[PDB]
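Q: What follows is a single structure, and I will ask about it in a moment.
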Amino acid sequence: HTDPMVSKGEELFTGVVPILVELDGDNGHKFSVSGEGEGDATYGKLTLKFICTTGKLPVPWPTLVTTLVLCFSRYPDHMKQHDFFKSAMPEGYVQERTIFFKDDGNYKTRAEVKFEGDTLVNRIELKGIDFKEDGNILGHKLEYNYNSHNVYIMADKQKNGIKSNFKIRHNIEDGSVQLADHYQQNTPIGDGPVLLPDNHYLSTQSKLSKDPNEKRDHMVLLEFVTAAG
């Protein structure tokens, strides 16, 4: 890369980076989720296996996919200047979201994504309120799958970061659809310079699977993210 700042952020994601994901979540049903796996940013490849360490997960697994490391997205060479997530490393960035579920409750998530040595760590705290106890979320009426999406990344120059809002559409078991309206903002942790991008997209593609030898409530995730625009 002609740009040495781009060479700084890209050097941290040249090969296979190990990932660790931790989530403390909360109507007020408390739970915890631990995730482990690898990330290959040269390909946008994501391989993660999450485990509900507190027992049964009180929510459906697909509703936590967007919450449970966009720094592993594959940014094309002519777009490396627009990679905010990698440019904030290794100090990291804070990812905050409010996920509105149509005719149900909402998630409020605060995340710290940073490097701890060779390991990329994702710290999440999740607060969910105003959910229906027998609704789709708390009643586990969502199917165990996921769709492909294109999220619009814009930058906020007054926060020195990014912002994005997009719609995730979960599939209800009866054939209907549950809307999860996302609002997202990302700010850098350190004081150093970062890459404030132009408007672009992130094309996502996910697969949900189960480990036949795992007896705890878990989710296997295969995800590919690539930027476009």
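Residues in the structure tokens are named by chain (A, B, ... in the order shown) and by number from 1 within that chain; ligands are numbered from 1 in the order shown.
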Going by DSSP on the backbone, which bits of stretch 160-221 of chain A are strand (DSSP E)? Write them as a PyMOL selection string, please.

A: chain A and resi 161-171+177-188+200-209+218-221

Q: Determine which residues of stretch 81-195 of chain A receive a DSSP assignment of helix (DSSP H, G or I), computed from the backbone, and state them as a ChimeraX atom specification.

A: /A:81-82,84-87

Q: Restrict the selected residues to C-alpha atoms and save them as an mmCIF file, in the first residue's frame.

A:
```
data_model
loop_
_atom_site.group_PDB
_atom_site.id
_atom_site.type_symbol
_atom_site.label_atom_id
_atom_site.label_comp_id
_atom_site.auth_asym_id
_atom_site.auth_seq_id
_atom_site.Cartn_x
_atom_site.Cartn_y
_atom_site.Cartn_z
ATOM 1 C CA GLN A 81 -8.840 4.141 2.507
ATOM 2 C CA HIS A 82 -12.484 3.654 3.575
ATOM 3 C CA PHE A 84 -12.594 2.582 9.551
ATOM 4 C CA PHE A 85 -12.674 -0.640 11.576
ATOM 5 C CA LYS A 86 -9.104 -1.717 10.804
ATOM 6 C CA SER A 87 -7.698 1.818 11.042
#
```

Q: Have a look at atom CA of residue A:13 and atom CA of residue A:161 and let me know their distance in Å, one decimal.

A: 20.0 Å

Q: Measuring between only C-alpha atoms, which one of A:106, A:98, A:176, A:203 shows the shortest distance to residue A:132?

A: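 When distances to residue A:132 are compared using only C-alpha atoms, the smallest one comes from A:106.
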
Q: Within 9 Å of stretch 50-62 of chain A, which residues of stretch 116-188 of chain A come that close, and what is the closest atom pair and distance in Å for each? Count only C-alpha atoms and give it as CSV.

A:
```
residue,atom,partner,partner_atom,distance
A:136,CA,A:60,CA,8.8
A:137,CA,A:59,CA,5.7
A:138,CA,A:59,CA,5.5
A:139,CA,A:59,CA,7.8
A:140,CA,A:60,CA,5.7
A:141,CA,A:60,CA,8.0
A:142,CA,A:60,CA,6.7
A:143,CA,A:62,CA,8.1
A:144,CA,A:62,CA,6.5
A:145,CA,A:62,CA,6.8
A:146,CA,A:62,CA,6.8
A:170,CA,A:62,CA,7.5
```

Q: Please identify all polymer residues within 10 Å of residue A:42, counting only C-alpha atoms, omitting same-chain residues fewer than 2 positions from it, and present them as a PDB file with N, CA and C atoms, in the first residue's frame.

A:
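out.pdb, written as the output of this step:
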```pdb
ATOM      1  N   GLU A  10      -3.878  -2.768   7.898  1.00  0.00           N
ATOM      2  CA  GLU A  10      -3.956  -4.019   7.151  1.00  0.00           C
ATOM      3  C   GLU A  10      -2.969  -5.055   7.674  1.00  0.00           C
ATOM      4  N   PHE A  13      -4.334  -7.577  10.135  1.00  0.00           N
ATOM      5  CA  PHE A  13      -5.313  -8.534   9.629  1.00  0.00           C
ATOM      6  C   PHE A  13      -4.805  -9.244   8.378  1.00  0.00           C
ATOM      7  N   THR A  14      -3.489  -9.441   8.283  1.00  0.00           N
ATOM      8  CA  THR A  14      -2.919 -10.071   7.095  1.00  0.00           C
ATOM      9  C   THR A  14      -3.285 -11.550   7.021  1.00  0.00           C
ATOM     10  N   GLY A  15      -3.220 -12.257   8.146  1.00  0.00           N
ATOM     11  CA  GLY A  15      -3.498 -13.679   8.155  1.00  0.00           C
ATOM     12  C   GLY A  15      -4.731 -14.067   8.943  1.00  0.00           C
ATOM     13  N   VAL A  16      -4.666 -15.207   9.622  1.00  0.00           N
ATOM     14  CA  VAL A  16      -5.781 -15.716  10.412  1.00  0.00           C
ATOM     15  C   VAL A  16      -5.631 -15.214  11.842  1.00  0.00           C
ATOM     16  N   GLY A  39     -10.769 -15.267  12.312  1.00  0.00           N
ATOM     17  CA  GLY A  39     -11.158 -14.302  11.303  1.00  0.00           C
ATOM     18  C   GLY A  39     -10.096 -14.121  10.238  1.00  0.00           C
ATOM     19  N   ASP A  40     -10.502 -14.143   8.971  1.00  0.00           N
ATOM     20  CA  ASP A  40      -9.586 -14.029   7.838  1.00  0.00           C
ATOM     21  C   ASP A  40     -10.054 -12.841   6.999  1.00  0.00           C
ATOM     22  N   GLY A  44     -12.832 -11.827   4.142  1.00  0.00           N
ATOM     23  CA  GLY A  44     -14.070 -11.574   4.850  1.00  0.00           C
ATOM     24  C   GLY A  44     -14.608 -12.771   5.594  1.00  0.00           C
ATOM     25  N   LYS A  45     -13.781 -13.790   5.814  1.00  0.00           N
ATOM     26  CA  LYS A  45     -14.249 -15.042   6.389  1.00  0.00           C
ATOM     27  C   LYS A  45     -14.380 -14.937   7.902  1.00  0.00           C
ATOM     28  N   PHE A  72     -13.192  -7.557  10.252  1.00  0.00           N
ATOM     29  CA  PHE A  72     -12.802  -8.681   9.417  1.00  0.00           C
ATOM     30  C   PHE A  72     -13.485  -8.661   8.057  1.00  0.00           C
ATOM     31  N   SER A  73     -14.103  -7.542   7.688  1.00  0.00           N
ATOM     32  CA  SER A  73     -14.694  -7.411   6.366  1.00  0.00           C
ATOM     33  C   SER A  73     -13.602  -7.260   5.313  1.00  0.00           C
ATOM     34  N   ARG A  74     -13.860  -7.809   4.129  1.00  0.00           N
ATOM     35  CA  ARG A  74     -12.918  -7.716   3.019  1.00  0.00           C
ATOM     36  C   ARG A  74     -13.155  -6.402   2.286  1.00  0.00           C
ATOM     37  N   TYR A  75     -12.260  -5.441   2.490  1.00  0.00           N
ATOM     38  CA  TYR A  75     -12.319  -4.181   1.765  1.00  0.00           C
ATOM     39  C   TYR A  75     -11.465  -4.285   0.507  1.00  0.00           C
ATOM     40  N   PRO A  76     -12.031  -4.087  -0.683  1.00  0.00           N
ATOM     41  CA  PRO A  76     -11.223  -4.161  -1.906  1.00  0.00           C
ATOM     42  C   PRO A  76     -10.073  -3.164  -1.883  1.00  0.00           C
ATOM     43  N   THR A 226     -18.023  -8.455   2.651  1.00  0.00           N
ATOM     44  CA  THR A 226     -17.186  -7.765   1.680  1.00  0.00           C
ATOM     45  C   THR A 226     -17.788  -6.403   1.373  1.00  0.00           C
TER      46      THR A 226
END
```

Q: List as a PyMOL selection string the protein and nucleic acid residues near residue A:194, meaning an atom at most 8 Å away when only C-alpha atoms are counted, but skip any in the same chain fewer than 2 places from it.

A: chain A and resi 84+87-88+160+188+192+196

Q: Output C-alpha atoms for every residue in the selection just made, as a PDB file, in the first residue's frame.

A:
```pdb
ATOM      1  CA  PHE A  84     -12.594   2.582   9.551  1.00  0.00           C
ATOM      2  CA  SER A  87      -7.698   1.818  11.042  1.00  0.00           C
ATOM      3  CA  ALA A  88      -8.876   2.071  14.668  1.00  0.00           C
ATOM      4  CA  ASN A 160     -14.715  10.747  14.090  1.00  0.00           C
ATOM      5  CA  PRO A 188     -12.566   5.044  18.065  1.00  0.00           C
ATOM      6  CA  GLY A 192      -4.921   8.626  17.045  1.00  0.00           C
ATOM      7  CA  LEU A 196     -13.337   8.253   7.976  1.00  0.00           C
TER       8      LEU A 196
END
```
